[PDB]
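Below: one structure, written as structure tokens.
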Amino acid sequence: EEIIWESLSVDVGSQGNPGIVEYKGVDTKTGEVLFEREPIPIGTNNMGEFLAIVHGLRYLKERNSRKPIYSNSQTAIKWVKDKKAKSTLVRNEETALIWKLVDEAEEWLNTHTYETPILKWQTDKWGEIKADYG
DNA sequence: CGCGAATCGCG
DNA sequence: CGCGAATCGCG
Ligand SMILES: [Mg+2]
């Protein structure tokens, strides 16, 4: 399996798990940052990876782009394909924002179609995903 | 730590 | 029992 350079890659920057969550999507070839979500005060890394893929799908759909999305999160990929984020994070006032975003991203998936292939980034073969926060 | 995938205990 | 609830492998 080979890298598709004409693609978008996403990843999450965490400060703890659970902890602060941010994410971004970048051009796999050029590294150009295409979208970014500012820090969400608490979430899980998995929830962040899920939001990052869905944000990518919405971004690419708006632009009518047929580029695939790479994610290094097998869990988030499954959640998007299932249209269901199977997170165990407690729902309270502290976690209200991350859950609002996850709920909305699920709602988007259940009310839209998309052509974007969602591919697993193979870190062990290809090194770090381009959206890595380092 | 959170996930998906892969031994227990109660009815 | 045997099925549904309750450690492994990884990132
Ligand atoms: Mg990540």
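Below, chains carry the letters A, B, ... as their sequence lines are ordered, and counting in each starts from 1. The analysis underlying the following values was restricted to heavy atoms, covering all of them including side chains, and did not include hydrogens, waters or symmetry mates.
Other residues sharing a hydrophobic cluster with A:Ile20 under the 4.5 Å side-chain heavy-atom criterion for ILVMFWY residues do not exist; the residue is a singleton. Listed by chain and number, the hydrophobic cluster partners of A:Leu119 are A:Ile3, A:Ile4, A:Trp5, A:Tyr70, A:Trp121, A:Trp126, A:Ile129, where partners are ILVMFWY side chains within reach of under 4.5 Å, directly or through others. Residue A:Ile42 shares its hydrophobic cluster (ILVMFWY side chains chained together at separations under 4.5 Å) with no other residue.
Within the structure, salt bridge (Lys or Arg N to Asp or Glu O under 4.0 Å) contacts touching residues 76-89 of chain A (residues at least two apart or in different chains) are A:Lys78-A:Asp82. Within the structure, side-chain hydrogen bond (donor to acceptor under 3.5 Å, both in side chains) contacts touching residues 93-104 of chain A (residues at least two apart or in different chains) are A:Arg91-A:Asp103, A:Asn92-A:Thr95, A:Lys100-A:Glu104. Within the structure, the salt bridge (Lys or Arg N to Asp or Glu O under 4.0 Å) test picks out the following pairs touching residues 111-132 of chain A (sequence neighbours left out): A:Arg66-A:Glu115.
Rounded to whole Å, atom P of C:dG9 lies 18 Å from atom CD of A:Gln74. Between the CD1 atom of A:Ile20 and the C1' atom of B:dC1 there is a distance of 16 Å, given to the nearest Å. To the nearest angstrom, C1' of C:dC10 lies 11 Å from CG of A:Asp124.
Salt-bridge annotation for A:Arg37 and A:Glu22: absent, with no side-chain N of the basic residue lying under 4.0 Å from a carboxylate O of the acidic one.
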Fill in the blank from the handout: Here DNA chain C, pairs taken as Watson-Crick or G-U under 3.5 Å and shown with ( ), [ ] when crossing and | when to another strand, reads |||||.|||||

Problem - Under 4.0 Å protein heavy-atom contacts per nucleotide of nucleotides 2-7 of chain B, with B for base, S for backbone only and - for none - result: SSSS--

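Listed by chain and number, the residues in a ring pair (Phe, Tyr, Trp, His ring centres under 6.0 Å) with A:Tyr23 are A:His55 (sequence neighbours excluded).
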